[PDB]
Amino acid sequence: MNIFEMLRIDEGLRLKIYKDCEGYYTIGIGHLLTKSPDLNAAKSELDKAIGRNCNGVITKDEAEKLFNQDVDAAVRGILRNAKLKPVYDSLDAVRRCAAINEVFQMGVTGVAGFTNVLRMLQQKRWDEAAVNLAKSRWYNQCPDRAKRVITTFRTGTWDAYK
Ligand SMILES: [Cl-]
Ligand SMILES: [Cl-]
Ligand SMILES: [Mg+2]
């Protein structure tokens, strides 16, 4: 198990445009196309992301390429955010993977907004942090994509992905 396998389980892999649990246009392994309500803007963003005329469809290799880019962007996003970086750096290896997953799913801005959860994690208040995350809109609207991440923050092991 590793962060790639983890996110492949939570997000799955789809090769045409869909709405994610937040309601935004998405493809491949959780790749956010736009927050625009407009399907044309998503279709143009898919072509822009890939470098060719896709007409809403991609290959498995193109998805895996987008996926590497997106996990690298989530890690860089955490490190470059003043609120997230110290918290992240205080986490053990497995909880770091839950942190990357959360950012990959929700984005930096969304995660950074949860000031109290970040303090709970930095202070190693795993049960409280998990209770609080299970009360977010993310959990309530994305319970199948979020449940295992929250448990991972609670326990610090890979067991929810077994
Ligand atoms: Cl560790
Ligand atoms: Cl879900
Ligand atoms: Mg690291």
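- The deposited coordinates for this entry were obtained by X-ray crystallography, with a reported resolution of 1.50 Å.

- Per the PDB entry, the protein goes by Lysozyme and derives from Enterobacteria phage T4.
- Looking at the Catalytic activity heading of the UniProt record, one finds this comment for the protein: "Hydrolysis of (1->4)-beta-linkages between N-acetylmuramic acid and N-acetyl-D-glucosamine residues in a peptidoglycan and between N-acetyl-D-glucosamine residues in chitodextrins."

### Comments concerning the packing of helix 1 (residues 3–11) against helix 5 (residues 93–106)
No. 1: Relative orientation of the contacting elements helix 1 and helix 5 amounts to 45°, with a least axis distance of 10 Å. Relative to helix 5, the element helix 1 lies oblique. The handedness of the crossing between helix 1 and helix 5 is right-handed. Judged by residue contacts, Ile3, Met6, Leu7, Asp10 and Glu11 of helix 1 engage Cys97, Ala98, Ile100, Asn101, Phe104 and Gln105 from helix 5.
No. 2: Residues that form the contact of helix 1 with helix 5 fall into these classes: seven nonpolar, two polar and two charged.

### Some remarks on the environment of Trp158
No. 1: With respect to the helices, strands and loops of the structure, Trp158 is situated in the segment after helix 10 (143–155).
No. 2: With 64 residues separating them along the chain, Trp158 and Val94 place their C-alpha atoms 7.1 Å apart.
No. 3: In this view, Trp158 contacts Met1, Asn2, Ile3, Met6, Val94 and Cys97; residues no more than four positions away in its chain are not counted.

Rules of the game
- Residues numbered from 1 in each chain as written, not as in the entry; some residues may be left out.
- Chains lettered and ligands numbered in written order.
- Heavy atoms only, no water.
- UniProt positions renumbered as here; feature names shortened; annotations may be inferred.
- Axes fitted to C-alpha atoms, helices over the stretch in contact; angles between N-to-C directions.
- Helix = DSSP H or I, 4+ residues; strand = E, 2+ residues; numbered from the N terminus.
- Parallel < 35°, antiparallel > 145°, perpendicular 65-115°, else oblique.
- Left-handed = near helix turned anticlockwise from the far one by under 90°.
- Contact = heavy atoms within 4.5 Å.
- Nonpolar A, V, L, I, M, F, W, Y, C, P; charged D, E, K, R; others polar.

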